[PDB]
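Heads up: the structure comes next, in structure tokens.
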Amino acid sequence: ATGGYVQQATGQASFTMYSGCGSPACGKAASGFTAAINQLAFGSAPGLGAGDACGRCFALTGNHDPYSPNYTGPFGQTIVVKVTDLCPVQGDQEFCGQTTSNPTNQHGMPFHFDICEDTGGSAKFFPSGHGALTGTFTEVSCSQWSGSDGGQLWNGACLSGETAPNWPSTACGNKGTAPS
Ligand SMILES: CC(CCO)CCO
Ligand SMILES: CC(CCO)CCO
Ligand SMILES: CC(CCO)CCO
């Protein structure tokens, strides 16, 4: 996409959970299930505002635990998240370090969703004892997402991807150039 960001409506991803998603990088939280997405897909960098992932809705499915490769299941439910947040490239190199020159993480995945625990998404998705998974995602209409957006936390906040057609398309827009 613009900026060299890798923004595909469907693909393979890794998955983790995180806490404290009430002041996320898009500048609006939401009451439904939410996630952070890796920087290369988010479409912005820390401090540069919302990227084009902001507000888009995705159906996530886990089907492997790379840390317990003999575990056969059960996995969790497929859930629909709204992306509200950035999983930065400069932080966790295991999961969100994808760049334009090296577009997969340490699990070989080109995308990562960090699912916010606070509002219930991770309890639907991760079986007890299996908090890091790999699997798939597909962008869906936000008609498939229960929830209400929070208020703007700063000027420029954006979740306008919530009404956009699936990628390829533009809503909030990408900021600067993707990490190399
Ligand atoms: C759980 C929500 C209550 C306000 O709608 C806040 C989540 O950001
Ligand atoms: C064959 C493995 C067990 C698979 O559940 C054990 C030996 O690596
Ligand atoms: C996390 C899930 C594992 C069972 O498939 C349960 C969600 O209800």
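Counting starts at 1 for both ligands and their atoms, in listed order. Residue numbers count from 1 along this sequence.
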Could you check atom 2 (C) of ligand 3 against the protein and tell me its nearest heavy-atom contact, residue, atom and distance included?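 Its nearest protein heavy-atom neighbour is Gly76 CA, 3.7 Å.
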Measure the distance from atom 6 (C) of ligand 2 to every protein heavy atom, then report the residue, atom name and distance (to 0.1 Å) of the closest one.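 Checking every protein heavy atom, the shortest distance to atom 6 (C) of ligand 2 gives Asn70 ND2, 4.7 Å.
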For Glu94, does the CD atom have more than 12 heavy-atom neighbours from other residues, nucleotides or ligands under 6.0 Å away?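 Yes - once you tally the heavy atoms of other residues, nucleotides and ligands closer than 6.0 Å, there are more than 12.
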Identify which of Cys116, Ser31, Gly120, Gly32 has a heavy atom lying nearest to atom 1 (C) of ligand 1.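 Checking each option, the heavy atom nearest atom 1 (C) of ligand 1 is found in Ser31.
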Sub-4.0 Å atoms of ligand 3 with respect to non-hydrogen atoms of [X]:
X: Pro127; answer: 1 (C)
X: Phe126; answer: 1 (C)
X: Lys124; answer: 1 (C), 7 (C)

SG-SG distance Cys26 to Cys54 under 2.5 Å: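 A disulfide, yes.
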Hey, are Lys82 and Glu162 close enough for a salt bridge, meaning a charged N less than 4.0 Å from a carboxylate O?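 Yes.
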Are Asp52 and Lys175 within salt-bridge range, i.e. N to O under 4.0 Å?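 No salt bridge links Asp52 with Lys175.
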Is the distance from the ring center of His112 to that of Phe15 below 6.0 Å?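 No, too far apart.
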4.5 Å side-chain heavy-atom contact, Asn105 and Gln93: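 No - every pair of side-chain heavy atoms lies 4.5 Å or more apart.
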So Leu86 and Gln39, do their side chains get closer than 4.5 Å, heavy atoms only?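 Yes, close enough: below the 4.5 Å cut-off.
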Against ligand 1, does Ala30 come closer than 4.0 Å with any heavy atom?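 Yes, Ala30 has a heavy atom closer than 4.0 Å to ligand 1.
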Does the protein place a non-hydrogen atom closer than 4.0 angstrom to atom 8 (O) of ligand 2?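 For atom 8 (O) of ligand 2 the answer is no, since every protein heavy atom stays at 4.0 Å or beyond.
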What part of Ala123, side chain from CB on, backbone N/CA/C/O, both or neither, has a heavy atom under 4.0 Å from ligand 3?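 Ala123 to ligand 3: backbone contact only, side chain stays beyond 4.0 Å.
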As an exercise, state the distance from OG1 of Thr138 to CZ of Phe58, rounded to the nearest 0.5 Å.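 Answer rounded to 0.5 Å: 9.5 Å.
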Enumerate the atoms of ligand 1 whose separation from the nearest heavy atom of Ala29 is less than 4.0 angstrom.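 Here the atoms of ligand 1 in question are 8 (O).
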Less than 3.5 Å between some nitrogen or oxygen of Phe75 and one of ligand 3, yes or no?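 Yes, there is a polar N/O contact under 3.5 Å.
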